[PDB]
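First up is the structure itself, then whatever we jot down about it.
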Amino acid sequence: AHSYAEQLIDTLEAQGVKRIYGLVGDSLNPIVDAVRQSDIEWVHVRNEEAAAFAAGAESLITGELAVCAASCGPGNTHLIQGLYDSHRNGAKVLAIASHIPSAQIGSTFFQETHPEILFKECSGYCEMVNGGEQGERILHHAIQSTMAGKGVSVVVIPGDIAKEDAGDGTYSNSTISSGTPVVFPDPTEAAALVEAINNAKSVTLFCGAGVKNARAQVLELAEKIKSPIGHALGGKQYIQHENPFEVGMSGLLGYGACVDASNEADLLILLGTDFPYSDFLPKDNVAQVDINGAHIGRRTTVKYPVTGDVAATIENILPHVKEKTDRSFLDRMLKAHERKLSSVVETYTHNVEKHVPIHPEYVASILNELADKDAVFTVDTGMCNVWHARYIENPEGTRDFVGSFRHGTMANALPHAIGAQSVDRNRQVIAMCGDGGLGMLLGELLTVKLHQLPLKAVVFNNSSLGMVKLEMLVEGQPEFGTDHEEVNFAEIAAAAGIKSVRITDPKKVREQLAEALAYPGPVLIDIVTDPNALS
Amino acid sequence: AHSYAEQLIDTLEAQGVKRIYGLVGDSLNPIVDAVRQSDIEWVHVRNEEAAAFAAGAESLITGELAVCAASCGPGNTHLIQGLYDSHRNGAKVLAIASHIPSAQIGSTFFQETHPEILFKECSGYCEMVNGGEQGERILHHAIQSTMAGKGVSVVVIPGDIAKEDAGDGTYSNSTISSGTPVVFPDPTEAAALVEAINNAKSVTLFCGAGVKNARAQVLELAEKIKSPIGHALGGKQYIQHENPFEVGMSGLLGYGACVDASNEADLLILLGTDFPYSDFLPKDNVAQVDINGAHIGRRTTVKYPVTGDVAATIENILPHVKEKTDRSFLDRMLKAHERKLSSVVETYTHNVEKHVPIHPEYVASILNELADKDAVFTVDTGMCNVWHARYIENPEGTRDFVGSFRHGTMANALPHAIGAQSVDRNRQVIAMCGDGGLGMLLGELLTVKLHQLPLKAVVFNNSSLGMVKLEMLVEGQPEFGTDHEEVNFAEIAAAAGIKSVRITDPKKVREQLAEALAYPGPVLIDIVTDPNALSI
Amino acid sequence: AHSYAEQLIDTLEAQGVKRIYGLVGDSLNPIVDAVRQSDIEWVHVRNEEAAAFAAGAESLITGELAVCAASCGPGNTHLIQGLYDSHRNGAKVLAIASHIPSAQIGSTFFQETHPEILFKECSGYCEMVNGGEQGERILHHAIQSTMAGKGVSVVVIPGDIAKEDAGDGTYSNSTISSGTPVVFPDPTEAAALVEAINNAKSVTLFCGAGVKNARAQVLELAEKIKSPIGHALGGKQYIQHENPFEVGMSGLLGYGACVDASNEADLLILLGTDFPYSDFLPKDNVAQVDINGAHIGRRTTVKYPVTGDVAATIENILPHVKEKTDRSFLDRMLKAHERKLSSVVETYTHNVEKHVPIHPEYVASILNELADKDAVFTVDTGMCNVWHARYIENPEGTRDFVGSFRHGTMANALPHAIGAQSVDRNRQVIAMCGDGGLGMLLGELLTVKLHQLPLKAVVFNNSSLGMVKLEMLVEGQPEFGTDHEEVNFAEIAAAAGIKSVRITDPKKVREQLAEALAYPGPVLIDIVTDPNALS
Ligand SMILES: Cc1cc2nc3c(=O)[nH]c(=O)nc-3n(C[C@H](O)[C@H](O)[C@H](O)COP(=O)(O)OP(=O)(O)OC[C@H]3O[C@@H](n4cnc5c(N)ncnc54)[C@H](O)[C@@H]3O)c2cc1C
Ligand SMILES: Cc1cc2nc3c(=O)[nH]c(=O)nc-3n(C[C@H](O)[C@H](O)[C@H](O)COP(=O)(O)OP(=O)(O)OC[C@H]3O[C@@H](n4cnc5c(N)ncnc54)[C@H](O)[C@@H]3O)c2cc1C
Ligand SMILES: Cc1cc2nc3c(=O)[nH]c(=O)nc-3n(C[C@H](O)[C@H](O)[C@H](O)COP(=O)(O)OP(=O)(O)OC[C@H]3O[C@@H](n4cnc5c(N)ncnc54)[C@H](O)[C@@H]3O)c2cc1C
Ligand SMILES: Cc1ncc(C[n+]2csc(CCOP(=O)(O)OP(=O)(O)O)c2C)c(N)n1
Ligand SMILES: Cc1ncc(C[n+]2csc(CCOP(=O)(O)OP(=O)(O)O)c2C)c(N)n1
Ligand SMILES: Cc1ncc(C[n+]2csc(CCOP(=O)(O)OP(=O)(O)O)c2C)c(N)n1
Ligand SMILES: [Mg+2]
Ligand SMILES: [Mg+2]
Ligand SMILES: [Mg+2]
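Below is the structure:
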């Protein structure tokens, strides 16, 4: 490795990077020449935004570093949406932002931007390379920052400097710390939490993504104190399945007795969650356990703050928590949960199989039953979040859920599916697309075709910005700009060389979805759904 | 108008705004409720990036304010590429960037970003609304800043504040200054330019977009001092046509004697240009006239700097410039121009009508001949810039050229054509698309269908990132990542409900293009072109 | 508390804030009206830069929240130097940056700046108040972010909004998490460190500020593996005293066998340090333990990275680390260290103690001997860092050292001393000032007089930018712009109403310093020191 471009790629290969998503051009050419000589695969995308989404999804699935790359000015500017999403999701992503020739910086040159400034909000590390040795340092610092969980890292590289001599290897020779530390709470904070639990007659646990490695501990605590368990959308994958305490979700796409259980308990314990809808949370007596102390109390009054890991905190407090024999609150909340879910099933199950346009809730129920027990589900922002949250389950805990749950951008599903599918072509990947989201990055159908990624793109084609239609109904606003003339995505996918099917009959949804999911290759399933569907 | 959302829309309609390009959602809903109750058309796009490009193109065509709007966080984040392009092009654009509810700012809320910080590099004005009266003020300042030529303006509006009471009208009642001032040069700088011209035995004029309102003055000066006229890409629309002094373009996509005339004249005069390729410009004896004094001397050694308008500077100096009777340099440069262009024709014009895959230069020649004399051409960044610069002409000066000439982003052609066509459906709009550029924002074919914009999308389908293929050949780099499996854009357009045709035979290009351009509706013409074809 | 200004001050008082350093004006007036009606003391400063340094120093001394406040535009702009210093030092500081009236934002008004953008690099949290309820939220998030160790927090408050209605109390009622969690390492990283230690025949420990709560563990590990212990400047306060393995410091102001021990050991272990001078560190076999994974390998090749707390990591690995019986390396390094220190004392003690102009090393030795065992020492950036590092010791560990060790700004000593002294007027505070540093913020002598803070300002008056004189000598540059005509700081302090003494005779330094340190009130000691004493 004589040039900085070669040293950068060799360092990524030695770190286990297998693929780089991007689109070649100008200042990125020396870097793509180094990827050509390496054993890293170059994954060409139609729009660099999709490369940043794909890298973020690959990272969420592998737990390892993922990389995207883009040319100068407008090239790396397209990464921004996907970098905000990957950053909010805590993905381990390195973005290679090629930059204009260093001699032209400051001269308002052709394509000039300041990415080293622009990307400061959507990254935990973002610096510009000014030479070989310094480039080697900031590449190490970028990788180490993202592997430590600080979010996206961006390395800005002027094209001429990528062709200059590499550094001496001092920083590229380092081992990267990528382990997960065990964060025990401060004994004083743990004691206050023990006191709050023992003195509450009824407790509710509200779990988020932070309980990922604490399932056994959360269930063990819930059994001891007879607490209903609710979950934020980010914790659904980990705590909803095989859980006899489950009371659902809160917020506008919530369901069941979670809102009641959270607001009626003597004590609410927020476990690894940053659920932002304050109006749904109580203020009277709340505890919060979070690994990042700065996140505690962001969403409601917290009287018992605990900086610590969920599993380690529960292991620390369990011997001091007295077993509660009064289950009346848990039983009352489980009955309320069942009564709410049964009222929906009793009212709507009878005529859903005959309703035209197809009910998206019926599609999601079938998708849950037909998809593999270890499938990856990617979820487009919009009404697909409602269908995923209420109908897609994770029995056996081997399914992965990837979405724009925090940044909330449309169009993530197909590019997320491209990244997730690239990890293992023998694993089923289902993209729950919206017609709005798919239309927004439609050219990524050409990426699916080019790389023959055998993902299953299920389009909930309601010819509408469905979620906006719902917002306007809630606000009392006459609908405007949300519904438009129908689009045939099955014909568009067929024209792009992808196997497709158009589903319009509710009586054929199950069989046609089954055949499409069994097809050994990419498939687009265009389902004509009701834009006004809601239970 | 009780709410700030209604006051904002009423202010835009009083300014003559006819359309807003965008995609509705969350915090933008109160604003679109006001647009619903107004004269303004709501133009739904598939990706907000296309709304920012469309607004920029509409503004370049009308010379008036154009508006784009987007929802909070990820919605307005998508405007960024189009805002950089509109800003670099000097478009008069207002971007309505809806923002998260004000009570959630600073709480790392769902969809939270800081657009009021993010858009500072791609705008001349960018501020956040925090109340009704203050919102009315910054709406005025944003419009006034962009109408005065300071580039894009961004107004960031938290959704809840759009529903609050409007201001009292003090700033919305103002007349906006949109006139063009006449910037005469400092007499000392003009005197130095007069002296430099009279002492030079030979002069060359190199013109850019700044000569837009100075054609008569530039030609009058060129006739008096017998100076060849070359041009930067941004000035091509204005000075190339009906010009007996024309010696072409400079830079890598240049042609003709422009580089010789610029480097051999006793004095080179840069007129309204910021041509960035320094290696092609002389350093010895250069004058520069620019309306923005900060731009002077950015690209080469300038000995005679002049802060001033091109037309006003030329009118100021003309009575003091002595007529040059010696035409030798002009004639020698016009002959050099012809010798350079004839060497290309002698080498490459051999069986072009039979070359397979179709030669893109042949397609561009035919497009130049068949398109209307007042057509709008939008140009995708890449090899289409080469075909546009060398083969699309502007006889009569009634054609408009819109492209990403300064920001250099791919995928601008179709969204620019959507904005340009929306101005007047009876005017022909031709989009010169690249397969890479069209694939990058492919969903905007659904926007063309939805609004039935009768534009003609000509896809130079070379199954390649053509320009990158050329860069790698020049740098001595083995080709990689540029060429990919073929895509049928005609079938994709047909599936999207747009009339289309696929052209693979060079003997049918002329007739099939003629039929497509005559069709009264949107058409996509997918032309399979040679990725290796180039006349050097 | 009806207004947001009152709610803000009530929230700070409920958090235990006793003082606010600042300078009143325009948009800050409603806030100082609320301070007037509270138990919080208002500490008027001459320059808002000093208020930010004072808050940072108070926080480093108490381990609790400290607050500074400034008026709109130019007022809060003056905080910036002190906020960079407090941020780099990890101080727990809240800066109240008053802002122009909200109706004028975006109109290029009189005094308009964008502090909510300007202060992003010198803070972990920086947001603008736009209403009562939102102001209450961001005040909580700012306090919680700084109390969790994320650095300075800035709250930007338009003056008119400070007078508007307060929020409902939801976020102000929260308990703030200020505990210290116990971070155990990932077992795989700890196992690699155990293997590296057991395979090394000789080990050296290089400690920084991160070993503050790990003294016992560091000494315990050092005894087991017979390792010399060196330290970075930030760790001097904690690991230098009562340490039989001590081999000094590294870098240009270093001394003793630290550089030799670090570079000759088979394994170097970086413990809680971010020492930036890479040229003094080895590259061949280095381990690093840091609580922030992003900091690992920033300064040299790290082969054994460990994300974890120093004390918890050592407790975790100790039972697996074999006792090293070979003491040869330790004894060789301790003999080298002792010979280096004793040789200097034997050779120079007489010339330094009698030298005219007074030798600054003699002044620092006297200060070490005469100052209380629990004194606070503040250190001005420049040659005073050399005198502090080499001669001020911390026997019993009850002294505090405050300086601009990371941001490296001049003029911090007197403002740091004002903050440290304000905590407890019965505790001795010694400010080691430079003539350049004191002259830079000379008006703060009026603050010392106004508040009668009984600190002892020792001016090392060498009529020079001493450290710059040394830089130019090392670079081979002819001296220029460093030395200027003598200033009489004792006469200036006397004119400002402060008790002062001018010391020019080395035979009187000890006696006159003893009298000055015993004086019950503020004292400025102007010592004419040798400008050619460059260590
Ligand atoms: C259209 C749309 C609508 C939405 N509607 C809703 C809705 O109605 N209901 C809903 O529930 N969601 C909703 N969401 C998502 C919502 O905005 C939030 O993103 C989500 O609820 C947060 O999930 P979380 O708390 O699991 O994850 P995060 O917000 O990522 O929080 C995880 C937290 O755990 C902490 N943590 C991580 N590891 C550990 C550890 N080991 N120990 C302790 N703490 C740790 C992190 O620091 C963080 O604070 C919606 C999303 C979309 C796109
Ligand atoms: C792929 C690609 C390749 C390119 N290759 C080339 C190439 O080889 N050759 C080439 O020519 N271009 C090339 N371009 C474009 C090139 O980068 C520049 O953007 C362009 O040449 C600048 O044109 P301009 O000077 O007319 O406009 P601008 O750069 O916009 O400059 C116009 C100037 O006029 C000034 N001005 C405005 N109004 C007035 C007035 N009334 N009076 C006086 N001054 C005024 C402005 O302040 C400004 O400084 C390329 C573009 C692309 C996309
Ligand atoms: C004029 C001047 C000259 C200087 N010259 C020198 C010189 O020659 N020599 C020198 O030594 N210094 C010198 N300094 C200071 C030097 O620049 C550094 O600031 C200093 O050496 C860093 O000290 P540190 O590593 O202890 O602290 P920091 O740089 O603050 O690093 C402490 C580290 O410990 C980590 N940490 C914190 N808590 C824990 C925990 N519980 N467990 C594990 N890790 C934890 C932190 O994450 C951080 O990485 C100079 C300063 C000045 C002003
Ligand atoms: C980039 C972007 N633009 C706009 C929005 C606002 N928004 C959120 S959901 C939604 C509608 C999504 O439509 P579609 O993808 O068809 O999903 P549906 O709700 O109809 O299932 C919109 C406009 C957004 N989140 N991201
Ligand atoms: C958003 C963006 N990404 C990348 C580039 C770099 N780039 C400039 S031209 C080009 C190739 C364009 O391909 P296509 O649109 O097919 O045009 P062609 O040159 O093949 O005619 C590329 C990759 C860019 N300018 N903008
Ligand atoms: C604000 C600031 N300006 C400049 C410097 C550069 N600098 C570092 S130390 C120093 C000299 C300090 O002089 P003085 O305070 O008299 O201390 P001395 O070295 O003479 O003891 C200078 C100029 C700095 N660190 N901070
Ligand atoms: Mg939809
Ligand atoms: Mg192409
Ligand atoms: Mg000095």
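Protein chains in written order, with the authors' numbering: chain A, 2 to 536; chain B, 2 to 537; chain C, 2 to 536.
Cβ coordinates follow ideal geometry from the N, Cα and C atoms, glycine included.
Assumed close pair residue i, residue j - CB separation to whole angstroms, cut-off 8 Å
| i | j | result |
| --- | --- | --- |
| A/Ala149 | C/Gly294 | 3 Å |
| C/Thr308 | C/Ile297 | 7 Å |
| A/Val157 | A/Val195 | In fact, because the Cβ distance is near 49 Å, the residues do not count as touching under 8 Å. |
| B/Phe276 | B/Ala233 | 4 Å |
Residues near residue i by beta carbon distance below 7 Å, same chain, minus five either side
| i | result |
| --- | --- |
| residue 554 of chain A | Beyond the ends of chain A as shown, which are 2 and 536, falls residue 554 of chain A; an answer cannot be given. |
| B/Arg47 | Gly444, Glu445, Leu447, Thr448 |
| B/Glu247 | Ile230, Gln241 |
| B/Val459 | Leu368, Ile431, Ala432, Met433, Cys434, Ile526, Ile528 |
| B/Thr12 | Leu140, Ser173 |
Cut-off 6 Å between Cβ atoms - residues of its own chain near residue i, not counting five sequence neighbours on either side
| i | result |
| --- | --- |
| A/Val212 | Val219, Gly236, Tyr239, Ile240, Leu272, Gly273, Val311 |
Legend entry - Inter-stretch contact at 8 Å, needing at least 3 Cβ pairs: the region 255-272 of chain B / the region 321-339 of chain B: yes
Legend entry - At least 3 beta-carbon pairs within less than 8 Å: the region 444-456 of chain C vs the region 416-424 of chain C: yes
Legend entry - Unbroken stretches of the beta strand (DSSP E), 3 residues or longer, contained in the region 452-504 of chain C: 457-462, 500-504
Inset, instruction - Report the residue ranges of all beta strand (DSSP E) runs contained in full by the region 510-535 of chain B; include only those spanning at least 3 residues, in chain order. - result: 524-529
Legend entry - chain A contacts from the region 115-137 of chain B (Cβ-Cβ distance under 9 Å): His115, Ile118, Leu119, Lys121, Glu122, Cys123
Inset, instruction - Can you check the region 368-404 of chain A for any beta strand (DSSP E) of at least 3 residues that lies completely inside it and give the ranges in chain order? - result: 377-380, 401-404
Inset, instruction - Would you check if the region 39-53 of chain B and the region 11-24 of chain B touch, i.e. whether three or more CB-CB distances between them fall below 8 Å? - result: yes
Inset, instruction - Check whether the region 75-84 of chain C touches the region 215-228 of chain C, counting contact only when three or more Cβ pairs, one atom from each stretch, lie closer than 8 Å. - result: no
Legend entry - Cβ-based contacts, 9 Å cut-off: residues of the region 180-198 of chain A near chain C: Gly180, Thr181, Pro182, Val183, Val184, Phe185, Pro186, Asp187, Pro188, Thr189, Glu190, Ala191, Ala193
Legend entry - Contacting positions in the region 415-447 of chain C - beta carbon closer than 7 Å to chain A: none
Legend entry - Interface residues of the region 74-89 of chain A facing chain B [CB-CB below 9 Å]: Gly74, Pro75, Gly76, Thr78, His79, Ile81, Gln82, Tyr85, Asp86, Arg89
Legend entry - At least 3 beta-carbon pairs within less than 8 Å: the region 490-504 of chain A vs the region 513-523 of chain A: yes
Inset, instruction - Give, in chain order, every unbroken run of the beta strand (DSSP E) that is at least 3 residues long and sits entirely within the region 204-248 of chain A. - result: 204-208, 230-232
Legend entry - Three-pair Cβ contact test at 8 Å for the region 429-445 of chain A versus the region 378-392 of chain A: yes
Inset, instruction - Could you name each continuous beta strand (DSSP E) segment of 3 residues or more that falls completely within the region 270-321 of chain B, going from the start of the chain to the end? - result: 287-291, 305-308
Legend entry - Under 7 Å (Cβ pairs) to chain B, residues found in the region 146-172 of chain C: none
Legend entry - Sufficient close CB pairs (3 or more, under 8 Å) joining the region 159-175 of chain C to the region 36-46 of chain C: no
Inset, instruction - Report the residues of the region 15-36 of chain A with a CB closer than 7 Å to any CB of chain B, ordered along the chain. - result: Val25, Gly26, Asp27, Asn30, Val33, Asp34
Legend entry - Selection of the region 394-413 of chain B by Cβ proximity to chain A, strictly under 8 Å: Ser405, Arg407, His408, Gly409, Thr410, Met411, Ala412
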